[PDB]
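With mmCIF, C-alpha atoms and all ligand atoms inside, this is start-v1.cif:
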```
data_start
loop_
_atom_site.label_atom_id
_atom_site.label_comp_id
_atom_site.auth_asym_id
_atom_site.auth_seq_id
_atom_site.Cartn_x
_atom_site.Cartn_y
_atom_site.Cartn_z
CA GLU A 35 -19.39 17.94 13.37
CA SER A 36 -21.90 16.63 15.90
CA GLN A 37 -21.53 13.00 14.70
CA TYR A 38 -17.79 12.84 15.42
CA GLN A 39 -15.52 13.93 18.21
CA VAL A 40 -12.16 15.04 16.79
CA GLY A 41 -8.84 14.19 18.42
CA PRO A 42 -5.13 14.52 17.45
CA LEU A 43 -3.78 15.06 13.93
CA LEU A 44 -2.39 11.65 12.86
CA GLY A 45 -0.69 12.80 9.66
CA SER A 46 -0.80 15.33 6.85
CA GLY A 47 0.72 15.44 3.38
CA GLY A 48 -0.23 15.15 -0.29
CA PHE A 49 -3.33 13.13 0.73
CA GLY A 50 -4.57 16.00 2.97
CA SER A 51 -4.91 15.98 6.78
CA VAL A 52 -5.92 12.92 8.78
CA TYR A 53 -7.18 13.16 12.37
CA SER A 54 -8.06 10.61 15.02
CA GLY A 55 -11.68 10.60 16.04
CA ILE A 56 -14.54 8.84 17.76
CA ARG A 57 -17.99 8.32 16.30
CA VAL A 58 -20.17 9.93 18.97
CA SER A 59 -23.12 7.54 18.59
CA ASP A 60 -21.29 4.30 19.49
CA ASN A 61 -17.70 5.30 20.43
CA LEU A 62 -16.35 3.60 17.28
CA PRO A 63 -12.76 4.74 16.63
CA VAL A 64 -12.44 6.55 13.26
CA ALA A 65 -9.98 8.51 11.12
CA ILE A 66 -11.18 11.82 9.71
CA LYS A 67 -9.39 12.91 6.57
CA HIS A 68 -9.78 16.36 5.04
CA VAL A 69 -8.60 17.43 1.63
CA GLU A 70 -9.02 20.81 -0.11
CA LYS A 71 -10.99 20.67 -3.36
CA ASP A 72 -8.38 22.80 -5.13
CA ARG A 73 -5.75 20.22 -4.09
CA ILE A 74 -7.81 17.43 -5.71
CA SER A 75 -6.48 16.31 -9.13
CA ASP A 76 -8.92 13.55 -10.16
CA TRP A 77 -12.73 13.25 -10.00
CA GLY A 78 -15.48 10.69 -10.63
CA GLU A 79 -19.18 10.01 -9.85
CA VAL A 86 -16.76 13.44 -5.96
CA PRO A 87 -13.01 12.77 -5.69
CA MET A 88 -11.90 9.60 -7.46
CA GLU A 89 -10.60 8.43 -4.09
CA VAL A 90 -14.23 8.23 -2.84
CA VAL A 91 -15.25 6.24 -5.94
CA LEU A 92 -12.40 3.79 -5.49
CA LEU A 93 -12.93 3.39 -1.73
CA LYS A 94 -16.62 2.50 -2.19
CA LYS A 95 -15.66 -0.15 -4.71
CA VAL A 96 -13.30 -1.87 -2.27
CA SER A 97 -15.05 -1.06 1.03
CA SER A 98 -17.73 -3.66 0.61
CA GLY A 99 -17.11 -6.83 2.64
CA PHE A 100 -14.13 -7.50 4.93
CA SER A 101 -10.64 -6.84 3.73
CA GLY A 102 -7.03 -5.87 4.19
CA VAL A 103 -8.24 -2.39 3.12
CA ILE A 104 -9.17 0.47 5.51
CA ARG A 105 -12.90 0.92 4.83
CA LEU A 106 -14.73 4.15 4.02
CA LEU A 107 -17.63 4.56 6.51
CA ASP A 108 -18.97 7.89 5.30
CA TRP A 109 -17.96 11.14 3.65
CA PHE A 110 -19.12 14.76 3.58
CA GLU A 111 -18.77 17.58 1.12
CA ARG A 112 -17.97 21.07 2.40
CA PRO A 113 -17.73 24.27 0.37
CA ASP A 114 -13.95 24.00 -0.07
CA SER A 115 -13.10 20.45 0.98
CA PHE A 116 -14.18 16.82 1.19
CA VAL A 117 -14.12 14.93 4.49
CA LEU A 118 -13.78 11.13 4.64
CA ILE A 119 -14.67 9.03 7.68
CA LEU A 120 -12.51 5.94 7.71
CA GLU A 121 -12.10 2.81 9.82
CA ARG A 122 -9.42 3.10 12.55
CA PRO A 123 -7.83 0.03 14.28
CA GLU A 124 -6.36 0.67 17.75
CA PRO A 125 -3.52 0.38 18.39
CA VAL A 126 -2.16 0.86 14.86
CA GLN A 127 1.25 1.83 13.35
CA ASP A 128 2.14 2.30 9.70
CA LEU A 129 4.75 -0.05 8.15
CA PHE A 130 7.17 2.85 7.54
CA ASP A 131 7.33 3.70 11.27
CA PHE A 132 7.43 0.02 12.20
CA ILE A 133 10.45 -0.67 9.96
CA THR A 134 12.08 2.57 11.03
CA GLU A 135 11.76 1.47 14.69
CA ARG A 136 12.68 -2.15 14.23
CA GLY A 137 15.01 -2.26 11.20
CA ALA A 138 15.01 -5.08 8.64
CA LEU A 139 12.22 -7.61 9.40
CA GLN A 140 12.83 -11.36 9.97
CA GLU A 141 11.69 -13.28 6.89
CA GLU A 142 8.91 -15.04 8.76
CA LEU A 143 7.50 -11.66 9.69
CA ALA A 144 8.07 -10.22 6.18
CA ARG A 145 6.41 -13.34 4.67
CA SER A 146 3.27 -12.81 6.76
CA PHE A 147 3.03 -9.04 6.07
CA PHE A 148 3.83 -9.38 2.36
CA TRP A 149 1.24 -12.16 1.99
CA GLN A 150 -1.45 -9.96 3.56
CA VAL A 151 -0.42 -7.10 1.25
CA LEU A 152 -0.85 -9.44 -1.70
CA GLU A 153 -4.29 -10.58 -0.47
CA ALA A 154 -5.33 -6.89 -0.14
CA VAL A 155 -4.07 -5.85 -3.58
CA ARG A 156 -5.75 -8.86 -5.22
CA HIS A 157 -8.98 -7.78 -3.51
CA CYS A 158 -8.60 -4.26 -4.97
CA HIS A 159 -7.95 -5.69 -8.44
CA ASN A 160 -10.98 -8.01 -8.17
CA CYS A 161 -13.02 -4.92 -7.31
CA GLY A 162 -11.73 -3.12 -10.43
CA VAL A 163 -9.38 -0.82 -8.46
CA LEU A 164 -5.67 -0.14 -9.04
CA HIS A 165 -3.96 1.43 -5.97
CA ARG A 166 -0.86 2.95 -7.71
CA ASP A 167 0.96 3.89 -4.49
CA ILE A 168 1.66 0.60 -2.72
CA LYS A 169 4.43 1.32 -0.12
CA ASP A 170 5.29 1.05 3.60
CA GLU A 171 3.66 4.46 4.44
CA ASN A 172 0.35 3.27 2.90
CA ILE A 173 0.17 0.08 4.98
CA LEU A 174 -1.28 0.13 8.51
CA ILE A 175 -0.54 -2.58 11.05
CA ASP A 176 -3.27 -3.49 13.56
CA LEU A 177 -0.78 -4.44 16.24
CA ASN A 178 -3.18 -6.53 18.38
CA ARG A 179 -4.57 -8.66 15.53
CA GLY A 180 -1.40 -8.76 13.36
CA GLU A 181 -3.59 -7.66 10.38
CA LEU A 182 -2.38 -5.23 7.65
CA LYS A 183 -4.62 -2.57 6.05
CA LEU A 184 -4.02 -0.56 2.84
CA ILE A 185 -4.70 3.21 2.92
CA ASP A 186 -4.55 6.14 0.48
CA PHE A 187 -6.29 5.48 -2.81
CA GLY A 188 -5.66 9.15 -3.60
CA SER A 189 -3.46 8.32 -6.59
CA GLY A 190 -5.33 5.20 -7.70
CA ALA A 191 -7.48 4.54 -10.79
CA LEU A 192 -10.12 2.16 -12.09
CA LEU A 193 -8.15 -0.93 -13.16
CA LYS A 194 -8.01 -1.38 -16.98
CA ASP A 195 -6.07 -3.52 -19.45
CA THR A 196 -4.87 -0.65 -21.66
CA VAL A 197 -1.81 1.54 -21.01
CA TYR A 198 -1.63 4.24 -18.29
CA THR A 199 0.15 7.45 -19.35
CA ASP A 200 -0.36 9.25 -16.02
CA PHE A 201 1.08 8.61 -12.56
CA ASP A 202 1.21 10.58 -9.33
CA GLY A 203 2.28 7.87 -6.92
CA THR A 204 5.70 7.53 -5.30
CA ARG A 205 8.60 7.72 -7.77
CA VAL A 206 11.09 5.41 -6.07
CA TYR A 207 8.41 2.67 -6.19
CA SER A 208 7.56 3.40 -9.85
CA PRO A 209 8.68 0.95 -12.55
CA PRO A 210 11.40 1.56 -15.15
CA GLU A 211 8.88 1.73 -18.01
CA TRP A 212 7.26 4.75 -16.29
CA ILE A 213 10.68 6.40 -15.83
CA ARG A 214 11.77 5.83 -19.49
CA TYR A 215 8.47 6.01 -21.42
CA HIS A 216 5.79 7.45 -19.16
CA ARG A 217 3.76 4.28 -19.92
CA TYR A 218 2.93 1.23 -17.77
CA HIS A 219 0.21 -1.39 -17.41
CA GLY A 220 -1.53 -1.75 -14.06
CA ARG A 221 -0.74 -5.23 -12.78
CA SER A 222 2.86 -5.37 -13.86
CA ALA A 223 3.53 -1.89 -12.41
CA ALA A 224 1.83 -3.05 -9.20
CA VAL A 225 4.10 -6.11 -9.13
CA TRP A 226 7.19 -3.89 -9.46
CA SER A 227 6.16 -1.75 -6.50
CA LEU A 228 5.54 -4.99 -4.57
CA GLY A 229 9.14 -5.96 -5.34
CA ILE A 230 10.35 -2.64 -3.89
CA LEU A 231 8.12 -3.18 -0.83
CA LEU A 232 9.39 -6.70 -0.14
CA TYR A 233 13.05 -5.55 -0.49
CA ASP A 234 12.20 -2.74 1.91
CA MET A 235 10.81 -5.22 4.48
CA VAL A 236 13.76 -7.61 4.48
CA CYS A 237 16.51 -5.00 4.05
CA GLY A 238 15.09 -2.13 6.08
CA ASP A 239 15.31 0.33 3.16
CA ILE A 240 14.37 0.70 -0.50
CA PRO A 241 16.72 -0.71 -3.20
CA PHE A 242 16.78 2.32 -5.57
CA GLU A 243 17.01 6.08 -4.93
CA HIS A 244 17.75 7.59 -8.35
CA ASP A 245 16.10 7.23 -11.76
CA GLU A 246 19.16 5.52 -13.32
CA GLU A 247 19.29 2.90 -10.55
CA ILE A 248 15.62 2.05 -11.30
CA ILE A 249 16.43 1.94 -15.06
CA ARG A 250 19.51 -0.23 -14.50
CA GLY A 251 17.44 -2.57 -12.28
CA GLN A 252 20.39 -4.24 -10.53
CA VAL A 253 19.52 -5.34 -7.02
CA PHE A 254 22.21 -5.25 -4.30
CA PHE A 255 21.36 -6.84 -0.91
CA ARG A 256 22.83 -4.95 2.02
CA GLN A 257 21.49 -7.46 4.52
CA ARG A 258 21.50 -11.20 4.77
CA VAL A 259 18.47 -12.44 2.81
CA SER A 260 17.69 -16.07 1.79
CA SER A 261 18.17 -17.13 -1.83
CA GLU A 262 14.49 -17.83 -2.27
CA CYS A 263 13.54 -14.36 -1.10
CA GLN A 264 16.23 -12.67 -3.23
CA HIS A 265 14.89 -14.66 -6.21
CA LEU A 266 11.27 -13.54 -5.61
CA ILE A 267 12.41 -9.95 -5.20
CA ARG A 268 14.47 -10.08 -8.39
CA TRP A 269 11.56 -11.64 -10.28
CA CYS A 270 9.15 -8.83 -9.22
CA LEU A 271 11.83 -6.30 -10.27
CA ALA A 272 12.38 -7.69 -13.79
CA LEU A 273 13.02 -4.77 -16.15
CA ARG A 274 10.69 -6.17 -18.85
CA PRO A 275 7.13 -5.83 -17.47
CA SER A 276 6.19 -9.11 -19.19
CA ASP A 277 8.99 -10.95 -17.31
CA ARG A 278 7.39 -10.11 -13.95
CA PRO A 279 5.37 -12.74 -12.03
CA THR A 280 1.59 -12.68 -11.85
CA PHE A 281 0.02 -12.45 -8.34
CA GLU A 282 -0.62 -16.17 -8.60
CA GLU A 283 3.06 -16.84 -9.33
CA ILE A 284 4.12 -14.66 -6.44
CA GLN A 285 1.88 -16.47 -3.91
CA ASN A 286 2.91 -19.91 -5.29
CA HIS A 287 6.60 -18.99 -4.97
CA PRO A 288 8.56 -21.27 -2.62
CA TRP A 289 9.46 -18.29 -0.36
CA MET A 290 5.73 -17.73 0.26
CA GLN A 291 4.89 -21.18 1.60
CA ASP A 292 3.55 -21.83 5.15
CA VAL A 293 2.64 -18.23 6.00
CA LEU A 294 1.74 -17.53 9.63
CA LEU A 295 -1.87 -16.59 10.43
CA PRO A 296 -2.23 -12.87 11.37
CA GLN A 297 -2.90 -13.62 15.06
CA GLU A 298 0.14 -15.97 15.22
CA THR A 299 2.10 -13.15 13.62
CA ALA A 300 1.02 -10.74 16.35
CA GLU A 301 1.77 -13.26 19.14
CA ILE A 302 5.30 -14.01 17.94
CA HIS A 303 6.42 -10.71 16.44
CA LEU A 304 4.29 -7.89 17.82
CA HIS A 305 3.65 -8.80 21.53
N1 LIG B 1 1.49 7.12 6.69
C1 LIG B 1 0.50 8.14 7.06
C2 LIG B 1 -0.60 7.48 7.90
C3 LIG B 1 -1.41 8.49 8.82
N2 LIG B 1 -2.52 7.74 9.43
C4 LIG B 1 -3.61 7.35 8.74
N3 LIG B 1 -3.73 7.80 7.46
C5 LIG B 1 -4.88 7.38 6.78
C6 LIG B 1 -5.03 7.83 5.36
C7 LIG B 1 -4.02 8.62 4.80
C8 LIG B 1 -4.10 9.05 3.47
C9 LIG B 1 -5.19 8.70 2.68
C10 LIG B 1 -6.22 7.91 3.17
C11 LIG B 1 -6.15 7.45 4.49
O1 LIG B 1 -7.13 6.65 4.99
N4 LIG B 1 -5.86 6.59 7.27
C12 LIG B 1 -5.71 6.16 8.58
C13 LIG B 1 -6.74 5.32 9.11
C14 LIG B 1 -6.61 4.87 10.40
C15 LIG B 1 -5.47 5.22 11.19
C16 LIG B 1 -4.48 6.03 10.69
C17 LIG B 1 -4.59 6.51 9.37
#
```

What would the structure in this file look like if it were written as structure tokens?
Ligand SMILES: NCCCNc1nc(-c2ccccc2O)nc2ccccc12
Amino acid sequence: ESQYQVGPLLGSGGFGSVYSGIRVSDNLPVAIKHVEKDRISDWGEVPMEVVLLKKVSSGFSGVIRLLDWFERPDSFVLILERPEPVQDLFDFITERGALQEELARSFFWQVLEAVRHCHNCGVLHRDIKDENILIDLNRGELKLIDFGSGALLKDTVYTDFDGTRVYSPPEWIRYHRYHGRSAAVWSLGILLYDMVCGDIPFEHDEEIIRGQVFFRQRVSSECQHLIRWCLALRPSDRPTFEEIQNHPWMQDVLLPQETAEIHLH
């Protein structure tokens, strides 16, 4: 209360309410996110989201870092990093339409680096999508947000999910079972299609199940191939992170600052 000055509401939804703010001591820009305890589904040791953020908030990353948190009688309050100026990937794509492949290559690469960092830290995000990706527009750097539906990463089967359905894999739709990495890779396929086409490939359960990809925009063969690989119906047929980043479409990525200079300035 006295440590932060609160500004505008930035967003609200299933994750709670997120406000802009300034840390009073040093003027550091922050985001202040409130969520009601009753609206919290999962807990650890605090909300699971706090556990997962601390595991990935150490060191530098393509993840929005947790700086502090507070418990109130009926809510938890998270103090998060806030780049300025910033825009989420959903609003960016909405404003600009399908992204040029060079731009999509750079963004997608940074998303992959961030997700690998989560996985190395023992964290599975479970809601990778355009709305959960922030763009620092000056540095051309991408940051993941919203670990509110994530879990500790494990090698056994998940039978629960509360992420975004249209990014969820066919095995979740049919069987209510998935494994972490291969489900992550599927959502990455949806994300990459979204970047180069300006919209998601599937809307209904049976389209996800059928897994046929139609391209509504001109997209290179190499990119279509990577997308179709990530969206293989058999989880085991999907690429590993390593195979994604060694894919020919992923070669010669721009540096983030180059990306900002060319595409964001
Ligand atoms: N797509 C909704 C995004 C609303 N804005 C923002 N949302 C969040 C945010 C939203 C949900 C969960 C955790 C989070 O950190 N964190 C932000 C951090 C800095 C700047 C903006 C932010």

Need to verify the contact set: residue 42 (chain A), 12 Å, all atoms listed in the file, exclusion of same-chain residues closer than 2 positions in sequence. Can you return it as a PDB file with C-alpha atoms, in the frame of the given file?
```pdb
ATOM      1  CA  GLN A  39     -15.520  13.930  18.210  1.00  0.00           C
ATOM      2  CA  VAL A  40     -12.160  15.040  16.790  1.00  0.00           C
ATOM      3  CA  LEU A  44      -2.390  11.650  12.860  1.00  0.00           C
ATOM      4  CA  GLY A  45      -0.690  12.800   9.660  1.00  0.00           C
ATOM      5  CA  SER A  46      -0.800  15.330   6.850  1.00  0.00           C
ATOM      6  CA  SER A  51      -4.910  15.980   6.780  1.00  0.00           C
ATOM      7  CA  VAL A  52      -5.920  12.920   8.780  1.00  0.00           C
ATOM      8  CA  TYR A  53      -7.180  13.160  12.370  1.00  0.00           C
ATOM      9  CA  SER A  54      -8.060  10.610  15.020  1.00  0.00           C
ATOM     10  CA  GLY A  55     -11.680  10.600  16.040  1.00  0.00           C
ATOM     11  CA  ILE A  56     -14.540   8.840  17.760  1.00  0.00           C
ATOM     12  CA  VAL A  64     -12.440   6.550  13.260  1.00  0.00           C
ATOM     13  CA  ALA A  65      -9.980   8.510  11.120  1.00  0.00           C
ATOM     14  CA  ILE A  66     -11.180  11.820   9.710  1.00  0.00           C
ATOM     15  CA  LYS A  67      -9.390  12.910   6.570  1.00  0.00           C
TER      16      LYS A  67
END
```

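CA of residue 72 (chain A) is positioned 10.5 Å from CA of residue 116 (chain A).
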
Kindly provide, as a PDB file with C-alpha atoms, keeping the file's coordinate frame, all nucleotide and amino acid residues lying within 9 Å of ligand LIG 1 (chain B), counting only C-alpha atoms and all ligand atoms.
```pdb
ATOM      1  CA  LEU A  43      -3.780  15.060  13.930  1.00  0.00           C
ATOM      2  CA  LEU A  44      -2.390  11.650  12.860  1.00  0.00           C
ATOM      3  CA  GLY A  45      -0.690  12.800   9.660  1.00  0.00           C
ATOM      4  CA  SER A  46      -0.800  15.330   6.850  1.00  0.00           C
ATOM      5  CA  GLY A  47       0.720  15.440   3.380  1.00  0.00           C
ATOM      6  CA  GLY A  48      -0.230  15.150  -0.290  1.00  0.00           C
ATOM      7  CA  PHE A  49      -3.330  13.130   0.730  1.00  0.00           C
ATOM      8  CA  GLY A  50      -4.570  16.000   2.970  1.00  0.00           C
ATOM      9  CA  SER A  51      -4.910  15.980   6.780  1.00  0.00           C
ATOM     10  CA  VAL A  52      -5.920  12.920   8.780  1.00  0.00           C
ATOM     11  CA  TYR A  53      -7.180  13.160  12.370  1.00  0.00           C
ATOM     12  CA  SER A  54      -8.060  10.610  15.020  1.00  0.00           C
ATOM     13  CA  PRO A  63     -12.760   4.740  16.630  1.00  0.00           C
ATOM     14  CA  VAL A  64     -12.440   6.550  13.260  1.00  0.00           C
ATOM     15  CA  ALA A  65      -9.980   8.510  11.120  1.00  0.00           C
ATOM     16  CA  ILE A  66     -11.180  11.820   9.710  1.00  0.00           C
ATOM     17  CA  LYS A  67      -9.390  12.910   6.570  1.00  0.00           C
ATOM     18  CA  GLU A  89     -10.600   8.430  -4.090  1.00  0.00           C
ATOM     19  CA  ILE A 104      -9.170   0.470   5.510  1.00  0.00           C
ATOM     20  CA  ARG A 105     -12.900   0.920   4.830  1.00  0.00           C
ATOM     21  CA  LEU A 106     -14.730   4.150   4.020  1.00  0.00           C
ATOM     22  CA  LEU A 118     -13.780  11.130   4.640  1.00  0.00           C
ATOM     23  CA  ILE A 119     -14.670   9.030   7.680  1.00  0.00           C
ATOM     24  CA  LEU A 120     -12.510   5.940   7.710  1.00  0.00           C
ATOM     25  CA  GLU A 121     -12.100   2.810   9.820  1.00  0.00           C
ATOM     26  CA  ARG A 122      -9.420   3.100  12.550  1.00  0.00           C
ATOM     27  CA  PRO A 123      -7.830   0.030  14.280  1.00  0.00           C
ATOM     28  CA  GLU A 124      -6.360   0.670  17.750  1.00  0.00           C
ATOM     29  CA  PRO A 125      -3.520   0.380  18.390  1.00  0.00           C
ATOM     30  CA  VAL A 126      -2.160   0.860  14.860  1.00  0.00           C
ATOM     31  CA  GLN A 127       1.250   1.830  13.350  1.00  0.00           C
ATOM     32  CA  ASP A 128       2.140   2.300   9.700  1.00  0.00           C
ATOM     33  CA  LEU A 129       4.750  -0.050   8.150  1.00  0.00           C
ATOM     34  CA  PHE A 130       7.170   2.850   7.540  1.00  0.00           C
ATOM     35  CA  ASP A 131       7.330   3.700  11.270  1.00  0.00           C
ATOM     36  CA  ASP A 170       5.290   1.050   3.600  1.00  0.00           C
ATOM     37  CA  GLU A 171       3.660   4.460   4.440  1.00  0.00           C
ATOM     38  CA  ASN A 172       0.350   3.270   2.900  1.00  0.00           C
ATOM     39  CA  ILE A 173       0.170   0.080   4.980  1.00  0.00           C
ATOM     40  CA  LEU A 174      -1.280   0.130   8.510  1.00  0.00           C
ATOM     41  CA  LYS A 183      -4.620  -2.570   6.050  1.00  0.00           C
ATOM     42  CA  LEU A 184      -4.020  -0.560   2.840  1.00  0.00           C
ATOM     43  CA  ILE A 185      -4.700   3.210   2.920  1.00  0.00           C
ATOM     44  CA  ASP A 186      -4.550   6.140   0.480  1.00  0.00           C
ATOM     45  CA  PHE A 187      -6.290   5.480  -2.810  1.00  0.00           C
ATOM     46  CA  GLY A 188      -5.660   9.150  -3.600  1.00  0.00           C
TER      47      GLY A 188
END
```

**OP:** Using only C-alpha atoms, pick whichever of A:59, A:150, A:37, A:189 has the shortest atom-to-atom distance to residue 293 (chain A).
**Re:**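 Checking each candidate against residue 293 (chain A), we get A:150 as the closest.
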
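When only C-alpha atoms are used to measure the gap to residue 262 (chain A), the shortest distance among A:103, A:223, A:235, A:284 belongs to A:284.
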
So which residues touch region 287-291 of chain A within 10 Å, counting all atoms listed in the file, skipping near sequence neighbours fewer than 2 positions away, as a short mmCIF file (atom, residue, chain, number, x, y, z; two decimals) with C-alpha atoms, keeping the file's coordinate frame?
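For reference, part.cif as written:
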```cif
data_model
loop_
_atom_site.label_atom_id
_atom_site.label_comp_id
_atom_site.auth_asym_id
_atom_site.auth_seq_id
_atom_site.Cartn_x
_atom_site.Cartn_y
_atom_site.Cartn_z
CA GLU A 141 11.69 -13.28 6.89
CA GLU A 142 8.91 -15.04 8.76
CA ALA A 144 8.07 -10.22 6.18
CA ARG A 145 6.41 -13.34 4.67
CA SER A 146 3.27 -12.81 6.76
CA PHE A 148 3.83 -9.38 2.36
CA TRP A 149 1.24 -12.16 1.99
CA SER A 260 17.69 -16.07 1.79
CA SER A 261 18.17 -17.13 -1.83
CA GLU A 262 14.49 -17.83 -2.27
CA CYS A 263 13.54 -14.36 -1.10
CA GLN A 264 16.23 -12.67 -3.23
CA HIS A 265 14.89 -14.66 -6.21
CA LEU A 266 11.27 -13.54 -5.61
CA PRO A 279 5.37 -12.74 -12.03
CA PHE A 281 0.02 -12.45 -8.34
CA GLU A 282 -0.62 -16.17 -8.60
CA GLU A 283 3.06 -16.84 -9.33
CA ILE A 284 4.12 -14.66 -6.44
CA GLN A 285 1.88 -16.47 -3.91
CA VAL A 293 2.64 -18.23 6.00
CA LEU A 294 1.74 -17.53 9.63
#
```

Original post:
Neighbours of region 298-305 of chain A within 7 Å (all atoms listed in the file; same-chain residues fewer than 5 positions away dropped), as a PyMOL selection string?
Top reply: chain A and resi 143+146+177-180

**OP:** Please indicate the distance in Å from CA of residue 229 (chain A) to CA of residue 254 (chain A), rounded to one decimal place.
**Re:**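 So the two atoms, CA of residue 229 (chain A) and CA of residue 254 (chain A), lie 13.1 Å apart.
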
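Each of A:203, A:238, A:137, A:251 was compared to residue 167 (chain A) using only C-alpha atoms, and A:203 turns out to be the nearest.
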
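If you look at CA of residue 96 (chain A) and CA of residue 151 (chain A), they are 14.3 Å away from each other.
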
Original post:
Which is closest to residue 240 (chain A) among A:138, A:152, A:86, A:259, if we use all atoms listed in the file?
Top reply: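 The closest residue to residue 240 (chain A) is A:138.
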